[PDB]
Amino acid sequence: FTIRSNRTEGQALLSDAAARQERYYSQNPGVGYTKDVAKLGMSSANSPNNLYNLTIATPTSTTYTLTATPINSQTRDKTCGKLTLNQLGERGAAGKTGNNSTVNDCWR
């Protein structure tokens, strides 16, 4: 249960939620993406071991940015902090986005 190993759970929270966004959109034509985790078929915005909490922004009806914020013991993760993922598949960490060393290492 290193901070580093625990990041896998945060990454998965985001990737799984992105897949759910695409399904929700397809299942609900004309409605757009959702900020409600229940509509994604999730019973909690927390990751299974309560290491990250998922929040969702939908800047437009056809875009979303997912944020996994460390909670509980994972708040010690100063290096990677909040992980992010959007509808384009762009990954982020520690306030940065894209194909760079900081983001890439945080997604390992």
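Note that residue numbering follows the sequence shown and begins at 1.
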{"query": "Between the two ranges 93-101 and 5-13, the one averaging a larger CA B factor in the entry", "finding": "93-101"}
{"query": "Maximum C-alpha temperature factor, selected from 53, 49, 74, 43", "finding": "43"}
{"query": "Third assignment of residue 66 from its chain's C-alpha B-factors", "finding": "lowest"}
{"query": "Chain thirds of CA B-factor: placement of residue 83", "finding": "lowest"}
